[PDB]
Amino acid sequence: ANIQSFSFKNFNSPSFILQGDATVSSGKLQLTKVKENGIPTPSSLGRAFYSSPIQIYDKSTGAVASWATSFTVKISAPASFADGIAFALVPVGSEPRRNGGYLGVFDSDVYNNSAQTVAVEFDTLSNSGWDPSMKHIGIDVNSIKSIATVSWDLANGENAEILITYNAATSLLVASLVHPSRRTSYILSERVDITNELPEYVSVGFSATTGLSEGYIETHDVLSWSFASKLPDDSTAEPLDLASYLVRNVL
């Protein structure tokens, strides 16, 4: 089995690939532009990935990896919320895509297998063309139109503790968010045939955009991030030990 994992409580540019307005300051990862006075900027786009590629599966052996990631984000608006942040698995060379409601990871709301991108979004602005009525968490598979969503009551300026996992045995992708301050929690799950939607190797990280209008803005700060992946030697899949993963990585 092959394993790769990391856990950061403090950020520094060397281990990350930064794109767009993504910057590291005061130990935290700021995905979108922010004026010196502290207020967000419109039309911003930022991405950040771990500098080492992760192998999601192996065509020759037929093995599929199980993985998990957890991070803490803080979204603040002075002003209306827009556009959101996504955790994404993109092709290794990958360059940013459309901004605004496309969150920098997609080009359209029509399924396009060739986009080879899967993401879990925390959408703060409903786009009439493809979005559910309110702020939501969604699973995007090669299109900005989530294959599943759940309502989310964003607590402005308060920490959000997210946990995403993929179990190769059940092919189930599960995402959950918790706002400790309000004792509120959300969860969502859907089956995803990963070997068909992504390449063998991918970069893992975040993508975030602000609104395209003067008053549709918010900040996207990642305060901590952990990731762990396990690729077996044969077809037989083996979920990860989360009890052990969080305490040794998150708690």
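All residue numbers are counted from 1 along the displayed sequence.
Deposited residues omitted from coordinates between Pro78 and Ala79, as a class = According to the record, 1 to 3 deposited residues lack coordinates from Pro78 to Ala79.
key: Mean temperature factor over C-alpha atoms, higher-scoring stretch between 228 to 236 and 11 to 19   = Per the PDB record, 228 to 236.
ask   = Do the CA atoms of 41 to 49 or those of 209 to 217 have the higher mean B-factor in the entry?
value = Here the higher of the two C-alpha B-factor means belongs to 209 to 217.
key: Which of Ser143, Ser181, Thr149, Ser133 ranks first by CA B-factor in the deposited coordinates   = Going by the entry's C-alpha B-factors, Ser133 comes out highest.
request  = Just grab whichever of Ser185, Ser203, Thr32, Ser26 has the top CA B-factor as deposited.
outcome  = Of the candidates given, the C-alpha B-factor peaks at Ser26.
ask   = Split the chain's modelled residues into thirds by Cα B-factor; is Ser94 in the lowest, middle or highest one?
value = For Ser94, whose C-alpha B-factor we compare with every modelled residue in the chain, the answer is the highest third.
query = C-alpha B factor of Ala1, ranked within the chain: lowest, middle or highest third?
reply = Middle third of the chain for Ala1's C-alpha B-factor.
request  = Pull the Cα B-factor of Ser126 out of the PDB entry and bin it into the chain's lowest, middle or highest third.
outcome  = For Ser126, the deposited C-alpha B-factor lands in the middle third.
request  = Classify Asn156 as lowest, middle or highest third according to the C-alpha B-factor given in the PDB entry, relative to its own chain.
outcome  = Highest third of the chain for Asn156's C-alpha B-factor.
query = Lowest, middle or highest third: where is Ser70 by C-alpha B factor in its chain?
reply = CA B-factor rank for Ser70: lowest third.
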